[PDB]
Amino acid sequence: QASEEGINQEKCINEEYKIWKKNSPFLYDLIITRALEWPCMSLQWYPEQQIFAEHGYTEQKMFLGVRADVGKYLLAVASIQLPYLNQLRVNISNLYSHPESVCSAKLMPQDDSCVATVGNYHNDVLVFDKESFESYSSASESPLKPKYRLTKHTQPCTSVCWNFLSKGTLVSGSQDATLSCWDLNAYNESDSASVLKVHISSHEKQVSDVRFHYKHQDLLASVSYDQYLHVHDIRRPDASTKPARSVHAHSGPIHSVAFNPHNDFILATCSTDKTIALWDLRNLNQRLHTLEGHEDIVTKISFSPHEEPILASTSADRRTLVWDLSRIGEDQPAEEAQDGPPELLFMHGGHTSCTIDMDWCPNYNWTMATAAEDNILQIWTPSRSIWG
Amino acid sequence: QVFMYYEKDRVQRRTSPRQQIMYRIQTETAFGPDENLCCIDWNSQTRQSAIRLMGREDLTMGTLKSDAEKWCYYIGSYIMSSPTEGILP
Amino acid sequence: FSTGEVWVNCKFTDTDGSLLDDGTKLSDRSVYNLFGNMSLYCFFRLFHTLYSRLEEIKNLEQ
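Residues numbered from 1 in each chain as written, not as in the entry; some residues may be left out. Chains lettered and ligands numbered in written order. Part of a larger assembly, values for the part shown. Heavy atoms only, no water.

> Outline the pattern of salt bridges, listing residues and values.
Under the defined criterion, the tally for this structure stands at 14 salt bridges over all chains. Here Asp209 of chain A ties to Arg211 of chain A by a salt bridge, and the two come within 3.0 Å at their closest N and O atoms. Using a relative accessible area of 6% as the deciding quantity, one classes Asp209 of chain A as buried. Classification of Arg211 of chain A by relative accessible area gives partly exposed; the value is 25%. The partner of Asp28 of chain C in a salt bridge is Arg14 of chain B, with the nearest N and O atoms 3.6 Å apart. (Salt bridge = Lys/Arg side-chain N within 4 Å of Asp/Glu carboxyl O. Buried < 20%, exposed > 50% of the residue type's maximum accessible area, 1.4 Å probe, protein only.)

> Pulling in residues and values, what's your account of helix α1 (residues 2-22) of chain A?
Taking 1.5 Å per residue, 21 residues should reach 30 Å; α1 of chain A reaches 30 Å between its end C-alpha atoms and fits that length. Taken as a whole, α1 of chain A has its buried residues at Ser3, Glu4, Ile7, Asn8, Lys11, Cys12, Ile13, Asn14, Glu15, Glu16, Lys18 and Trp20 of chain A. Against β1 (28-35), β25 (344-348) and β28 (376-382) of chain A together with α3 (67-76) of chain B lie the buried residues of α1 of chain A. (Helix = DSSP H or I, 4+ residues; strand = E, 2+ residues; numbered from the N terminus. Expected span 1.5 Å × (residues − 1). Contact = heavy atoms within 4.5 Å.)

> Account for the sheet that holds strand β18 (residues 254-259) of chain A, naming residues and giving values.
All names here are of chain A. Strand order in the open sheet formed by 4 strands is β18-β19-β20-β21, and the pairing between neighbours is antiparallel. Edge positions in the open sheet fall to β18 and β21 (290-291), since each of these has one partner strand only. When β18 meets strand β19 (residues 266-271), the two strands line up antiparallel, connected through 5 bridges. Counted as the bridge partner of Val257 is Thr269 from β19. (Pairing = 2+ DSSP bridges.)

> Hey, could you go over the packing of helix α1 (residues 2-11) of chain B against helix α2 (residues 17-31) of chain B for me, with residue numbers and the actual values?
Two quantities define a packed helix pair, namely the angle between the axes and the distance from one axis to the other. All names here are of chain B. The contact between α1 and α2 brings their axes to 10 Å, and the two run at 170 degrees. In this view, α1 runs roughly antiparallel relative to α2, as classed from their interaxial angle. Contacts between α1 and α2 involve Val2, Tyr5, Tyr6 and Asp9 from the first element and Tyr23, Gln26, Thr27, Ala30 and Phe31 from the second. Along the lines of polarity and charge, the residues of the contact of α1 with α2 split into 6 nonpolar, 2 polar and 1 charged. (Axes fitted to C-alpha atoms, helices over the stretch in contact; angles between N-to-C directions. Parallel < 35°, antiparallel > 145°, perpendicular 65-115°, else oblique. Nonpolar A, V, L, I, M, F, W, Y, C, P; charged D, E, K, R; others polar.)

> Which residues make up the interface of chain A and chain B, and what values do they have?
Taken together, the contact between chain A and chain B spans 9 residues of the former and 15 residues of the latter. Taken together, the two surfaces of chain A and chain B that pack against each other cover about 1100 Å², and 60% of this comes from carbon and sulfur. Applying the counting rule to chain A against chain B returns 1 salt bridge. Here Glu4 of chain A makes a salt bridge to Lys70 of chain B, at a shortest N to O gap of 3.8 Å. Applying the counting rule to chain A against chain B returns 4 residue pairs in polar contact. Partitioned by chemical class, the residues of the side of chain A that touches chain B number 2 nonpolar, 3 polar and 4 charged. (Buried area = accessible area lost by both parts, 1.4 Å probe. Polar contact = N/O pair within 3.5 Å; in protein donor to acceptor, adjacent residues only side chain to side chain.)

> Account for empty space enclosed by the protein, naming residues and giving values.
Residue and element names in this part refer to chain A. The space that makes up the largest cavity amounts to roughly 80 Å³. Along its surface, the largest cavity is lined by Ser304, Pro305, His306, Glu307, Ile310, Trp360, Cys361, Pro362, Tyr364, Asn365 and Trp366. Among the residues forming the lining of the largest cavity, the class breakdown is 7 nonpolar, 3 polar and 1 charged. Lining of the second largest cavity is provided by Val322, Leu345, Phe346, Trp360, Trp366, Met368, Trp380 and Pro382. Every element with two or more residues in the lining of the second largest cavity is listed here: β25 and β28. Classifying every residue of the lining of the second largest cavity by side-chain character gives 8 nonpolar, no polar and no charged. (1 Å grid on protein atoms, 1.4 Å probe; cavity = no way out; pocket = protein on both sides within 12 Å on 5 of 7 lines; lining within 4 Å. Points joined across faces, edges and corners; volume = space filled by probe spheres on them.)

> Summarise the interface of chain C and chain B; cite the residues concerned and give the values.
Taken together, the contact between chain C and chain B spans 31 residues of the former and 42 residues of the latter. When the buried area of chain C at its contact with chain B is split by residue, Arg29, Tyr32 and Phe35 of chain C rank highest and sum to 23% of it. Connecting chain C to chain B are 3 salt bridges. We note a salt bridge from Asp9 of chain B to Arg29 of chain C, for which the minimum N-O separation is 2.5 Å. Counting residues per element, the ones that place at least two in the side of chain C that touches chain B are β1 (31-36) and α1 (38-60) of chain C. Here the residues of the side of chain C that touches chain B sort into 14 nonpolar, 11 polar and 6 charged. Here strand β1 (residues 37-43) of chain B pairs with β1 of chain C via 6 bridges, running antiparallel. Paired with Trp42 of chain B across the strands is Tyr32 of chain C, a residue of β1 of chain C.

> Account for a nonpolar patch on the surface, with residues named and values stated.
A cluster of nonpolar side chains, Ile51 of chain B together with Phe43, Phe44, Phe47 and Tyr51 of chain C, forms an exposed patch at the surface whose accessible area comes to about 530 Å². Per element, the largest residue contribution to the nonpolar patch is 4 residues, and it comes from α1 of chain C. Looking at the element boundaries, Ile51 of chain B is found in strand β2 (residues 48-54). Under the relative-accessibility criterion, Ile51 of chain B is labelled partly exposed at 41%. (Patch = residues over 30% accessible without salt bridge, like charges linked within 9 Å, V, L, I, M, F, W, Y side chains within 5 Å. Areas by Shrake-Rupley, 256 points an atom, 1.4 Å probe, with all protein chains shown as cover.)

> Run through the nonpolar core, naming residues and quoting values.
Residue and element names in this part refer to chain A. Of all hydrophobic cores here, the largest spans 21 residues; its most connected members are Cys40, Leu43, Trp45, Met62, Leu64, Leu377 and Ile379. At the level of secondary structure, the elements contributing two or more residues to this core comprise β1, β2 (40-52), β3 (57-67), β4 (73-83), β27 (368-372) and β28. A total of 4 residues in this core trace back to one element, the largest contributor, which is β4. Those residues within four positions of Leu43 in sequence are excluded, and the remaining contacts are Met62, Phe63, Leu64, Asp357, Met358, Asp359, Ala371 and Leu377. In this structure, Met108, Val125, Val127 and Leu184 belong to the second largest nonpolar core, which totals 15 residues. (Core = buried A, V, L, I, M, F, W, Y, C linked by side-chain atoms within 4.5 Å.)

Listed below in structure tokens is the structure:
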């Protein structure tokens, strides 16, 4: 009896598939679909780029952490071909086995060689460097060992974030509802705890996201399952127990928060309440706005590093929505109200299961890469016609 | 028009799940939402008619017998571009 | 044209992995179906009433 529902559901998943596949040549200017070996838990675009002008493309790089199986937890680097304007394959390589799970693997902005990795299976943060990757040999039987082991938490950490300006400053929010700001240039071989700059207990339920300001050392935000946003400044003395602010942002467990890279005043917040909230720091009594359109849990969100009014959101209904926020308050015809509010811009659904995560390629405009639960990678950019 | 559609389905002594589903959705669209739908099956092999009130949670074909034949047959129903049968949005 | 258009032929794997019906396998059917509103339902009911009564008559004929 439950079969019937499951098989129908699988079939309309397939349905959405080739109904996206069928009309692709009228929607996108680029599509690269890659069936990697393994489920890719995360992706992060690499800011260094090769330009083969005579050959006629560019290659960007990607860092993946995948699972081969249970306990087989690995990392890899990919090269990605983008076509050229000014005058075609996805290559996997650099595969190194990890000691334990990866849920979030963040690389330091001003130095690619370092990657802070944590997973849902351990409370230790493992930070890897040049030598750890380059001293590894795929012929060896053992995995890598990171540059450092950072441990203050007692539950696994959910995510991390480097400081974009403060050199070698990191944060780690965990499942035991605590925060930790870390400083690697303050190591001691005798004191692995000297890396511990601050530890905070402001949150009340398991933290889902902690993340720094794009242009500021001392500003970060934390969001937790108790439906609360907390604003932290680390150079506060009372910050170990008192957050800078605490706001009731949503009515469901918050999943993620994104900071506007261009503008230091806007942040975005997603929850299982299928609604996306905006926030401005001079008026925190008030939800800045609310974007509708997902009809089940939204999981994760991100701004565009080229234009700020473009916001991307991913959810459990197998869609990713792109919003151009320059359309607040605008008029829309009667038939134009079908697809949603006019500030909705684009909607991509080429996947077939819960999209794991996204990332913008910062070297090309309008392009994004998404990894999904069905072992699929998607590199896609819409046509000019919708935004040109 | 509904009789047109039935004549179209009928003489076809074979028809995949999909085509019957499109017949169903065509008929419903030609009808509307607020008219209660009933169905009548004629089994000329055992010569029996059966009357069944079909609601918004009733599935098209109900005489499937094997869980993998289940797999195929009421996999097939969720192909319409319309939303699902048997589940309420 | 836009309400019942298929959105896959796609390969479905069974427990072993066999390719199963995409709603594209035309089986041999004998049990046909029809839909209608309450009017045809009531027509059908009265019709079966009349049929059953004449059938009883025929069964008594002997």
